[PDB]
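Written out below as structure tokens is the structure these notes cover.
Here, each number is a calculation from the coordinates, and none is a lab measurement. Because the Cβ atoms are built from the backbone with ideal geometry, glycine has one as well, and the counts that use them run over all protein chains shown.
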Ligand SMILES: Nc1ncnc2c1ncn2[C@@H]1O[C@H](COP(=O)(O)OP(=O)(O)OP(=O)(O)O)[C@@H](O)[C@H]1O
Ligand SMILES: [Mg+2]
């Protein structure tokens, strides 16, 4: 099929598209949300916790950004499990209180389902309709959901990459929430910003990809860090051992006797049915299931539903659980061959354990250390170096530059890439905005219509 | 009776086997990766270590 | 004289002493010593007089 | 100096100087970025070794 | 001996293996005289049946 | 009611027919009519957690676990002293509790706990007008085992700044400050770990030691004496004799606990009040034996490495014969899921499994099993959801069959012809035929696996080409193999 | 404090001393610490004392 060939030469130019999107978002003025004090205090009283004083700062910054005429653009870069989502949920309440149709965009179906459950739990006493669209929904109810949204009756639409496919038309969109943004890519992150120019993008992540971290530290997007630890979170213990069946058995038995559950990440669908069958012979005391995104929907959904209700302990999974599945009882992740994983992926996988008052371990099994590559050694000696609460920002500012921030005006978020400077970019943006203010050049996206 | 001759063939064969260990490591890696039905014994084996 | 210098008295203590000699740290268990000793000199894969 | 084949000689002092400058500049960047203590301590050890 | 000592390469996933059948040394591209004249190795291409 | 209660030395009472998530409502029923505690002995720690989320749904009595060491037997990790603070505190309130359920698994019931002399020898109640000196209270806490810091944040630490002594007791979840004056306590004010300012002031407060073993110098000398009695010393500074004599503690020192006391550790059955009523689940003669076998296997596996050697498991855990000879001191209600035949001390409770209820979008009417089951049931029926939003996820699913469930808080509220809903972590439903009630959880609208994807009909497109596998092919005849493509057949061969 | 002039502390012992005596003591590590030790030293008085 001629894979060898390098196709054409940039079938499209992204500098002009991204420049026009930025210069149209920075030209006009967004919605100025109206904040209700004693009608939002009830929604705060629905929260069965207390906001830590660094998260009750990100929330205050988010609301005081939404209540201004400018179009919001923020990062909520706090470490894993620190209550990032509730910031988005309080932002979503302020948006939906003014009938503004929040749109939540998550990069996987398990996040779609879990955020659907969490949002439906939280907004369980208000006239707010919350709905999920992804491949887990059928082909006959997806068109019903799209008809409802275009009609203007679903006020929160949680979805995967389906939310960008040009047939999802929102009536009056007033807030976007991109959750776990480091798995999307630039085209996915402005595919909705192009249509609705002045939408308020709230962007939740734990380890940003270098482009949107340099872009946040350089003053293009606002930043709100959340390192403040929750009630009793404990530092997740990192062990980097060579693979050993006794080590695997000991870890799984230590978790089973405690009553928790185990993530056992294999990350290979072709051999996952053999890895689980082999692990079920190594540890007969465990109950083991398989979960990945390449098996049929009514099977993965039911397996991941059984895992919540403690119907088995070990779940041999791919990196579909890299994205932020909570499951507070699971407190031991065992990554089978962790040499080929990024720093962001490794820290995200380490973040899936903890989430509660328990002490949670994390084993990153490796091959024999002369058989690993050199970058794997540098990545593992960095993931094992940082084992502290709030280490998800130092790790991000290490990944950035270790890999370097990519093209600020183009694609390729991570890489040296010989990008243009920020001084040139701000001058170019101001030039485009000033040329567009006078002779109001219609939006290029509408030209696509 | 304590010292032994390593002539041309033995040393060359030992060096060939040393170079073949890296090759078998690479082949075992490619085999252990998934989706083997589209492969042939040329995509995994490289003649550069040998 | 060696037995009077020997700080062990049975098989398992001897195997654990060998294990601690080989790899300092890595707190010994019973299989981690027995398998190590049996794969040290008595395994066809990892030991070969020609 | 060149090797008359288009390639330059190793000149082992320039390699050591370049490594020292690399580690020192990286450590300056880590000091500017307010790096965590363990990372900057490792880099200071590597600069000492360089 | 080298091919029999290395092969068959069994995958760790547990689904496939790569076994060895035979080998054959092909005809050299040149022979000794123009190998000395051009300045290239007089070698035979090894061709193995995997 | 349907069954009396056991109140004697060791008389048993076996209850049968109890299906899934019926043990929870029976425990909640027993716990509200026995004037005394109930120590629920779960057969497995996982099940314990499950029961802790279920009984707390059906009742209002205090249902609490007993925090076990989260490690494994003879492990190399500390129990993370916060858990210790949740374990000591219960052991202080355990000899005097009058109502409630305390849930222990067999793993933690078979363990041996301090001597309660160490409880009410190292634990104090501090009132306002205490004439105790600053350094006297400091050395009291130092002998108890607390850690001297300057920035007390967690369990078992204390800081001193002249007359200002702030300690975090392991009784409460909040720290306190004392503000000494003339060698007397003037205030006992709670201060936050985030704002460091007073919230209010408590007249009398309770404090508890830092670890489950004594730590002061006399205790360390006792530990060394017991060690030189039992094991043997090696001169090497990570041996756990010369690592404790220095002052610090190793990782998993909690398993060398009987070395600090010079009195055998009580079986925790001493801690129970005068009138408890042990309630069982599953079986103990298979879980206790499995735990003893695993602990002995791990002791034999790990009772090597002469630096850090291990105590015998009879010094730390009850033998199974000991455990079953100590359960004979308490009345027991054994809940088991089978038909118990007939005798005294034996009762049956009609708790049939739920009929076939499931939802599937395949048919025109998905709620057909539900819409027919709810019509032909004369007693009440109570849906049980786990969350609040899930309630709406079931509140608008029953709107298709024209039924809106009124919410109740306790299952006793159910009238005769009622459709109700209540919130809690019950997993499986039941039909209580005794009072004709039904409980339908969320996982009883899903059913078994709909796994029918064994194969697809690949017999299509089979024409003359296939030739019905006559195998009369000649060499060189072209052949298609739909996986790979078109080749030339070249005969039959044998291979290894 | 209890700690004397140049008593070395292990990492765990430094955490212990930082929790327990977390006041203004100067316990550092590396060439900065060695340079501070050398710079805070008076040779003449030390010579007379020795
Ligand atoms: N102030 C708080 N105090 C105690 N617990 C909290 C607090 N804020 C949040 N939590 C809990 O911590 C958990 C964190 O889950 P959540 O998904 O909300 O954040 P997150 O895991 O960081 O986000 P993501 O899933 O995108 O990584 C939540 O289940 C919430 O119940
Ligand atoms: Mg989130």
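A few remarks follow.
- Mean sequence separation of contacting Cα pairs (under 8 Å, at least six apart), scaled by the length of chain F, corresponds to a relative contact order of 20 percent.
- Averaging the sequence gap over all C-alpha pairs within less than 8 Å and six or more residues apart, then dividing by the number of residues, gives region A:245-350 a relative contact order of 38 percent.
- The Cα center of region A:245-292 and the Cα center of region F:438-487 differ in position by 31 Å.
- Fluctuation leader among A:369, A:48, A:328 - chain A, Gaussian network, Cα springs under 10 angstrom: A:48
- Between A:414, A:64, A:356, the Gaussian network model of chain A with springs among Cα atoms under 10 angstrom shows the greatest mean-square fluctuation at A:64.
- The distance separating the Cα centre of region F:29-74 from that of region B:1-46 comes to 60 Å.
- Fewest-first ranking of F:486, A:314, A:96, using other Cβ atoms within 10 Å as the exposure measure: F:486, A:96, A:314
- Rounded Å value of the spacing that divides the Cα centres of region F:285-330 and region A:394-449: 66
- Listed residues A:98, A:313, A:271, most fluctuating in chain A (Gaussian network, C-alpha, under 10 Å): A:271
- Crossing angle, helix B:8-32 versus chain B [Cα axis fit, 0-90 degrees, rounded to tens]: 20
- Legend: mean number of C-beta atoms from other chains within 10 angstrom of residue C-beta atoms, peptide A:356-363, equals 2.
- Looking at the protein assembly as shown, the DSSP beta bridges with both ends there are about 30 percent antiparallel.
- Value at 222 nm in deg cm²/dmol, rounded to 500, when DSSP H runs of n ≥ 4 in the protein assembly as shown each add -39,500 (n - 2.57): -10000 deg cm²/dmol
- With respect to chain F, whose longest principal axis is taken over its alpha-carbon atoms, helix F:217-230 is tilted by about 60°.
- Averaged over A:269-277, number of beta-carbon atoms from partner chains that fall within 10 Å: 3
- Folded to 0 to 90 degrees: helix F:134-144 orientation relative to chain F principal axis, Cα: 50
- The mean sequence distance of close C-alpha pairs (under 8 Å, at least 6 residues apart), as a share of the length of region A:390-449, puts its relative contact order at 18 percent.
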